[PDB]
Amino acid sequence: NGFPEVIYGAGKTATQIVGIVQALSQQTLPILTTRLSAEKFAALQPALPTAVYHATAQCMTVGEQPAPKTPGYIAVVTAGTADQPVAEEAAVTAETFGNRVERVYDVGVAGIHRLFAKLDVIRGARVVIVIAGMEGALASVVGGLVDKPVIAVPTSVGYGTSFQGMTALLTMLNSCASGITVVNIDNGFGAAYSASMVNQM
């Protein structure tokens, strides 16, 4: 293994979270808490002063991460700014797992030139995580322009025929470019977990 300790933040209370963190207090292992609301990080902030909270990602990391474990990096590519929350959930979990992360945000195919401008970075990552909602055309465009494993995270942003991520998920599952592999809606952590395993072979 060699992964840190992860805490899910949805069904657990701010108290329950502190109790799990104090149980894993020894060893100086990094602890990640995902999907942790801002209000559920207010109550416990007096409890853990040495903890950091990534507001957009709703993730909280207590304990110093040492260096990256590999020189390579993972690129987190997003289609629109509405994707940045699950994107930062992915990028923060990857960085906590000891990965260098290069964020290429808001490069949707509506403005396709923006994506080509950052292609040198995207093509040089060991893994690419593409995060998009609405219509997941970005996963397919990037998938056909890189030669590295791509993990697609569809996002639940959007009303109507967006279906809170279903259309994006179906698009990514139908991606023409082979080598795209998909995770569940908003699962920015699960992508970074699989991406971290690939990067850190």
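A residue's number is simply how far along the shown sequence it sits, counting from 1.
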Avg C-alpha B-factor, entry values, 146 to 154 vs 44 to 52, higher side is 44 to 52
Higher avg CA temperature factor (109 to 117 vs 93 to 101, as deposited) belongs to 109 to 117
In this crystal structure's PDB entry, the residue among 192, 182, 14, 177 with the greatest CA B factor is 14
Looking only at 68, 136, 165, 30, the Cα with the top B-factor belongs to 30
Residue 124: CA temperature factor from the record, placed by chain third, in the middle
Binned into thirds over the chain's modelled residues, the C-alpha B-factor of residue 171 lands in the lowest
So, residue 80's CA B-factor, relative to its chain, sits in which third? The highest
Residue 37: C-alpha B-factor third of its chain, per the entry, is the highest
For residue 161, the third of its chain by CA B-factor is the middle
